[PDB]
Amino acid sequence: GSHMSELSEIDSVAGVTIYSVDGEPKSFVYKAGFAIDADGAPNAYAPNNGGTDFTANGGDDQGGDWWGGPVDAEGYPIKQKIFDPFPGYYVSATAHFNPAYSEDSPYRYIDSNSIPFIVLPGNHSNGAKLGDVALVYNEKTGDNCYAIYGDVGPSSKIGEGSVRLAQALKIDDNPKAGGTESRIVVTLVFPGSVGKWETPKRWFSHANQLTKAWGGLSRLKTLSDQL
């Protein structure tokens, strides 16, 4: 156990209070549910409901409003090539991206299947920039994982992250029926910590260094009981 933390409200979304954690390093925290964001997974979306998510959860794939990823000049989703992970599936995008790759490439986006990432609500980043790191904890399983701020969600919803983060937290990772509405996940974000794409080894190390400086899981576990 650790001492309790001193908390100062900075925001509120969907009945979830977001608190700055007084002290250094600078951080904010919230306790929320955990919806599955399959964005960036190269098998999330395909024609005829072929992906791990239903196609329509990315929008209309017949030239209408498609938000799941990039589109061609006639508005249809880009299909992956023979050198992409899932040829013929659609390219699924995340807000955070790797500039080494082109807009039409799955490799530009953060693969939800492999990378632990959190989503923050649009207009509710609270000073965090895409690529910043976080420590995430599930109070019902005792599991934790470092993660990046990797995607942007609806402004009216909070508590969401990647397939791999769900696995690490022992939350059902299925895009179609997984996640949880129970407010069991505590997310500690370090705004200003990275703010760019870098290798997972590098950002994970930086998350580890910030977490050690901040007081570790022991402090976050105690903090969770305050939320």
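Numbering starts at 1 and follows the sequence shown.
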Quiz item: Quick one: higher average CA temperature factor, 1 to 9 or 217 to 225?
Solution: 1 to 9
Exercise. Return whichever of 163 to 171 and 66 to 74 has the greater mean Cα B factor according to the PDB record.
Key: 66 to 74
Practice problem: Have a look at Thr199, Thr187, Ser182, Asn43 and flag the one whose Cα has the highest B-factor in the entry. | Solution: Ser182
Quiz item: Which one, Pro116, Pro87, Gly127, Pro106, has the peak C-alpha temperature factor per the PDB entry?
Solution: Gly127
Practice problem: Would you check the entry's CA temperature factor for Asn138 and let me know if it's in the chain's lowest, middle or highest third? | Solution: lowest
Quiz prompt | Within-chain third of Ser27 by Cα B-factor, per the entry | solution = lowest
Quiz item: Is the Cα B-factor recorded for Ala147 in the lowest, middle or highest third of its chain?
Solution: lowest
Exercise. Comparing against every modelled residue in the chain, figure out the third that the C-alpha B-factor of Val21 lands in (lowest, middle or highest).
Key: lowest
Quiz prompt | Cα B factor band for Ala35 (lowest, middle or highest third within the chain) | solution = middle
